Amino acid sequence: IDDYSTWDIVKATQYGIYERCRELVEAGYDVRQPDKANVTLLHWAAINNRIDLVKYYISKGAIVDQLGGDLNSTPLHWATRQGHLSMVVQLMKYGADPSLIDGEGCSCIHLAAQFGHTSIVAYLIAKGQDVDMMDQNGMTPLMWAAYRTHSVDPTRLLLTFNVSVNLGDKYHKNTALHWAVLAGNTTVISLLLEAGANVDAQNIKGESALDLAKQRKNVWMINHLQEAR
């Protein structure tokens, strides 16, 4: 029978073994000391939704928005990627900044959009983040949703807000519709057309969304887009 007295601090954090973590910290483990992957204990507590460990580590002076890992992200980024609304709320109550960008150029609303975490997207918008916030690559949450979430939400949720459906990203000028067409995201195409996506708006290479549909020889996408012109 394993009683966790031999587990190291990282593994005990991941699994939420509260008393093991506390005894190691009191025996001298610095809560700010990263592991060999440049990841802090707060990161592991956040991505495994360890609410109480998160309070404890922060009360011991853990840096709330410390960048770590290969993607160079805050603990709140990690929680957002993983989908823990309770952790996102908790970290933002202790002052975590949802607008910080990670090493892929994304702030939290973009991360929540691209991994389909609809209630986190709604929460960030409810807390004031702009629905059309651009990340470092010029992507909006709606573009990320079109590109990466082949599902009704979070796209349906984003369109309940005064979104500007025809913006293009900064370095391609691809609209959300362009992205949905590139990705073959047929669920999202109908929602964007119903929301007013212009099928002829051209990107930086002069291709419209309908041009991209023709290129892919997808009759369903060509038909749907043409009937909305």
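Residue positions are given as counts along the sequence shown, with the first one as 1.
The stretch 156 to 164 shows the higher mean C-alpha B-factor when 42 to 50 is compared against 156 to 164 in the entry. Per the PDB record, of the two stretches 60 to 68 and 25 to 33, 25 to 33 carries the greater mean B-factor over its C-alpha atoms. In this PDB entry, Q129 carries a Cα temperature factor that places it within the highest third of its chain's modelled residues. Sorting the modelled residues of the chain by their CA temperature factor places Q136 in the highest third.
Ranked by Cα temperature factor within the chain, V219 sits in the highest third according to the deposited record. Remark: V10 belongs to the middle third of its chain, ranked by C-alpha B-factor as recorded.
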